[PDB]
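As a preliminary step, the opening chains of the complex are given here in situ:
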Amino acid sequence: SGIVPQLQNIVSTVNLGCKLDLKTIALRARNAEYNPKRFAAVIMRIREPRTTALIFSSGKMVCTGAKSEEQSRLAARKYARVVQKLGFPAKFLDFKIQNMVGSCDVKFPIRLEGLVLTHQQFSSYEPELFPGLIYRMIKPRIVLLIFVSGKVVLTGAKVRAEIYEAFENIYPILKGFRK
Amino acid sequence: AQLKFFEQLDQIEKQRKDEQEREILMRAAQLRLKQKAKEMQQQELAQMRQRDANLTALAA
Amino acid sequence: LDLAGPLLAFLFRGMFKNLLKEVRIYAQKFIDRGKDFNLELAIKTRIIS
Amino acid sequence: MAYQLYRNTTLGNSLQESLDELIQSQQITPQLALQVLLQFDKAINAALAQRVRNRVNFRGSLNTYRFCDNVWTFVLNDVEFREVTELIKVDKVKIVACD
Amino acid sequence: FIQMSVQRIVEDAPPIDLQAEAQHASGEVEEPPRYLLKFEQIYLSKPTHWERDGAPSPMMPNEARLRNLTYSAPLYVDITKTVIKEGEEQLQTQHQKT
Amino acid sequence: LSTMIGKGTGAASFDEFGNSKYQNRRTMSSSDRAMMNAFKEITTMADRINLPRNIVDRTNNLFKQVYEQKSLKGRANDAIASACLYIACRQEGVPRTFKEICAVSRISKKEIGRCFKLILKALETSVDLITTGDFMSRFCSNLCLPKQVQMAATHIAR
C-alpha cells in the first residue's frame, strides 16, 4: 500500500508489587498531583518521554502518551524509579501494553456512505453523534475511525503488528470507495 | 488574687442575670440551655475545620 | 336537560384535575432531588385526550 | 485552625518574630501567641478579600507543579508579571494556591 | 363549552404549590425552594392531523371518516412558573402555549 | 393470570377502622413491572411529538427484545426506551434527530446515543443512513413554508 500508520499514543500497565501512600507521593514528587475527590489515583507527568502516568495505592500504574513501545517501557521504569526514590520498594512487574493508538492518511477523500452500505456488519456511521465512521475489524480486534478527509485512526491494538495488519486490511476497502 | 476571685464571683452573678433577665424575654415572646445547645453544635464543625489546619501545615 | 356542553365540562373538570395531580407528583420527585423540573415534560398529554 | 496561608510571608514572619520575643520575655503565653496568629489570619483574609480591587496578569513558563489536599505548588521560570500600570520581570517564582 | 367552560375550569383549579422536604438537612430556614405553577389563557388550534412523518396538516372531516381518524383539536395553555429559593429573588418564567 | 378486588358494597367490606378490601391487591413481578413502566414512558414520549401508534408498537417490541437480552441492564430504563424510540423511527423511515428525541425524554443526547449504539449491537441489526430528504417534510411544515419552498429545499439538499 505504501503507507504505514504512525503511533500517536500507547497505554501500558505495570505493577510495582507494593502498596503506596498516595498523599506522601503527592507531597514528595515533582510533577505529581493528587485529588482524591476528583480521582482516586495520582497523576504524574514526565516531559523527556512526554508521558503521563496514573499511580494507585494498590501498586499498579498505567502509563500513557508514549509514541513508542520502548518509550512506554522507559517512561514506566522512570516513574517506578521516582516512586522508589521516594523510599517505597517499587519494582517493575508484569509490564504490558494494554492499548495502542495509531494515525495515518490515505491521501484521498472517502465516501463513508458507500463504505457503510457495503460493510454495514462492521461499520457504524452516525453524523449526529460523531462525524467519523467507526469500523470494527474482526480478524484483528481493531476499531478504526475513518474520516471524509482521509485520516484514519486505529485503536484497540496490543502490538504494532495489529495496527499495521488492520491498516493493510482496510486500505483496499477504502481504495474501493475513493471519492 | 483574692480580688480576682471576687471579680470572678461578680462575673458569675452577671452571667446569671443575663441568662435569667431574658430566660424571660423568650417567655414574653431557657436561654442558657439554648446557648449550651449552640455550643454543642460547633464542636463537630470545629474539629472537621481544625484537622484540615494540621494537614495544610504539613502541605505548606 | 344536560346537553353536550355541560357533560363535556364535567369530564374535562375531572381530567384537568388528574393532569394537575400528575404534574404535582412528577415535579415533586425532581424537587426532592434538587433538579429544576421541566414543565413540558411534567404535563402528560394523553390524559385529557 | 484556619486557612494559614500568609504566615510564611513577610507580614506573618514579622508577627511570629514579635510573638517569639514576647514569649522569651514571658510577657505572653504560647497559647496567646497562637490565638493572635489565628486572629491575624482571619483579619488578613478578610482584608485582602474586601479592600483589594485591582486586576493583574502574568505570563511565563512552568518547570514544576504539585497538588495535594487542595494545595497547588506551581514553580514557574522567567515570569513576566504584566499590569496595566506597571510591568515586573522575575527569573523564577513559586505560586502556592489553596481553596 | 370550548369558549368559556374550558378556560374557567383552567382558572378555577388552584395553583400548584411545591417545595422540597427539608433537603440537605442544613439550617433549613425555609431553605427548600418553593415552586408555584399557575395555568392561564387556554388556546385551541384548528383540527389538525400529524402524519407518520410528524408534519402537521389540517384534517378534513371526510378524511377522518375514511381513515378512521378522530376529529380533535390541539389544546394549549400558558403556564407561569415562579421559583422562590429564599435567595431574596423570585423568578417568574412563563411558558407560552404548552 | 390474576384478578383484583374492589370496594363492593357498604357493609362488612370496611371493618374496624375502614379495612377497605381487606388489603391492597399487590400483583406482579419486576421483570414485567419495569417493562410496563417503560411502555408507559414510551407512549408519553411518542405523544409528546405526535408519533403514530405503529411506531410506538415497534418501539415496544424493540424494548422487549433489548430488555430480555439484558446487555443494557446497567443502563437506566428511560435511556433504553428513548434509544428504542429513535431506532423505531429510523426503521419506519421517518427519522427524528437525537436532539428531537432528547426534547421529549429526560435523558440527554449523549446517553441516548450510547444506548442506541448498545442496542444496535445487542440486536445485531442496522438502520439505514439518514438523508437530507428525511427531515425536509417535518422541518418545512414546522416552519410553515409553502410546498414549493419545501420542494426547492429538498432538491437543493439532495
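Ah, there it is. Residues are numbered from 1 along each chain as shown, chains lettered A, B, ... in the order given.

how much space between the most centrally placed residue in chain B and chain D?
The centre of chain B sits closest to residue B:39, judged by CA atoms, centre = their mean, with a distance of 5.9 Å. Distance of residue B:39 to chain D, given as CB to the nearest CB, to the nearest Å: 16 Å. Where C-beta positions appear, they are placed from N, C-alpha and C, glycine not excepted.

and that residue, helix, strand or coil?
Judged by DSSP: H, G, I helix; E, B strand; the rest coil, the three-state class of residue B:39 is helix.

Outside of stretch C:37-45 itself, which residues are in contact with it?
C:19, C:22-23, C:26-27, C:30-31, E:35, E:37, E:79, E:81, E:95, E:98, F:44, F:47-48, F:104, F:106 (CB atoms under 8 Å, 6 or more residues apart in numbering or on different chains).

What is the end-to-end distance of stretch A:137-152?
Stretch A:137-152 has an end-to-end distance of 13 Å (criterion: CA to CA, to the nearest Å).

What residues sit buried inside it?
Counting neighbours by 16 or more other CB atoms under 10 Å in any protein chain shown, one finds that the buried residues in stretch A:137-152 are A:137, A:140, A:142-147, A:150, A:152.

from the middle of its chain, how far away would it be?
15 Å (CA atoms, centre = their mean, to the nearest Å).

do stretch F:100-109 and chain E meet at all?
No - counting by CB under 8 Å from any CB of the partner chain, chain E is not contacted by stretch F:100-109; separation bottoms out at 8.7 Å.

Could you pull up phi and psi at residue E:37?
Reported as degrees, to the nearest 10, the phi and psi values for residue E:37 are phi -120, psi 130.

okay, chain G goes in next:
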Amino acid sequence: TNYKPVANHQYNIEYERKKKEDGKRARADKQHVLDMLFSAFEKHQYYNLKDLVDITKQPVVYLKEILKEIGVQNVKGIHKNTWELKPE
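One more chain to add, chain G, which I have set with the ones above:
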C-alpha cells in the same frame, strides 16, 4: 415551539455542573472520621445512617465499615433499626 430540540435539558446540565464541582466524597483517615463521629454522637444519642453520612462526608462503604467496628445497630420502635454510636 413546544418540545423544541435541545441537546440536554437545562435543569440536568445545572445539576450535573453542581455535582461535578462538588466531586465525590473522599475517604479520610480513620482517626479523623472517628473523632467526627464521636462529636456527632455527643450532639445527642441516636443517628440515622443517611444523615450520619451527610455529617461525616465520607463514602458510605468506608463509613459503614468504621461504624460496624465500634457502633452497633439496634432494632427500635422509633421507626426502624438504626445505628448506635455508643461502642457498648
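
What about the contacts of stretch C:37-45 again, now that chain G is present?
Stretch C:37-45 is touched from outside by C:19, C:22-23, C:26-27, C:30-31, E:35, E:37, E:79, E:81, E:95, E:98, F:44, F:47-48, F:104, F:106, G:2-3, G:9-11, with contacts defined as CB under 8 Å, 6+ apart.

of these, buried ones?
Among these, those buried by neighbour count (16+ other CB under 10 Å) are C:19, C:23, C:26-27, C:30-31, E:35, E:37, E:79, E:81, E:95, E:98, F:44, F:47-48, F:104, F:106, G:2-3, G:9, G:11.

Filter those residues down to just the ones in helices.
Using DSSP state H, C:19, C:23, C:26-27, C:30-31, F:44, F:47-48, F:104, G:11 are the members of these that sit in helices.

Around chain A, pick out the residues from chain B.
B:58-59.

From chain D, how far off is the residue in chain B positioned nearest to chain E?
Minimum separation of chain B from chain E (CB to the nearest CB) falls at residue B:41, amounting to 10.4 Å. For residue B:41, the distance to chain D equals 17 Å [CB to the nearest CB].

same question, residue F:106
Counting by CB to the nearest CB, the gap from residue F:106 to chain D is 33 Å.

so what's that residue up against?
For residue F:106, the contact set (CB under 8 Å, 6+ apart) comprises C:38, C:41, F:78, G:9, G:12.

Repeat the analysis, applying 10 Å as the threshold.
When the contact criterion is CB atoms under 10 Å, 6 or more residues apart in numbering or on different chains, the partners of residue F:106 are C:30, C:35, C:37-38, C:41, F:41, F:45, F:76, F:78-79, F:82, G:9, G:11-12.

Then residue B:47?
The contact partners of residue B:47, taken as CB under 10 Å, 6+ apart, are D:1, G:32, G:35-36, G:38-39.

Chain H goes on too:
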Amino acid sequence: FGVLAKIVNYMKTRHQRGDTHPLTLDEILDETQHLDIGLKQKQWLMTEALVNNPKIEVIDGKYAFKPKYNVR
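Let me add chain H to what's already shown:
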C-alpha cells in the same frame, strides 16, 4: 462526650492488648493526645455518668474489666 466514647474505644483496644491493668484517666488522656484542664473535669462529670451505666466496665479503683465473661 464524643472524646469520651473514643476513650472507651481506646480501652477496648487496651483489652485487645491483653495487658489490661488498673489505670486512671490522666494517662489515657495523655496517650490519646488530650489535655488535663477543667475540660477534663466536665468530661469527668460525663465519665461518672458513664460509671452509672458502664456496661463497658469503668469502675473508680481497680477496674476496666469489661467482659461479663472473661477467662483465657
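
Could you re-examine the contacts of residue F:106 with chain H now present?
Taking CB under 10 Å, 6+ apart as the definition of contact, the neighbours of residue F:106 are C:30, C:35, C:37-38, C:41, F:41, F:45, F:76, F:78-79, F:82, G:9, G:11-12.

Any idea which residue of chain C lies closest to chain G?
Per CB to the nearest CB, residue C:36 is where chain C lies closest to chain G, at 3.7 Å.

which SSE is that residue in?
Under DSSP states H and E, no helix or strand contains residue C:36.

who touches the closest residue to it other than its chain neighbours in this structure?
Distances taken as CB to CB, 6 or more residues apart in numbering or on different chains put residue G:11 closest to residue C:36, at 3.7 Å, once the chain neighbours are dropped. With CB under 10 Å, 6+ apart as the criterion, the residues that contact residue G:11 are C:30, C:33-38, C:41, F:106.

again, only using 7 Å
With contact taken as CB atoms under 7 Å, 6 or more residues apart in numbering or on different chains, residue G:11 is in contact with C:35-38.

how many neighbours does the closest residue to residue E:33 other than its chain neighbours have?
What sits nearest to residue E:33 in space, not counting adjacent residues and going by CB to CB, 6+ apart, is residue E:85, at 4.2 Å. Applying other CB atoms under 10 Å in any protein chain shown, we find 15 residues neighbouring residue E:85.

and the gap between residue E:85 and chain A?
Separation of residue E:85 from chain A (CB to the nearest CB) stands at 26 Å.

Pull up the gap between that residue and chain B, please.
Separation of residue E:85 from chain B (CB to the nearest CB) stands at 24 Å.

do the same with residue E:6
Between residue E:6 and chain B the distance, using CB to the nearest CB, works out to 50 Å.

do the same with residue A:163
Taking CB to the nearest CB as the criterion, residue A:163 is separated from chain B by 44 Å.
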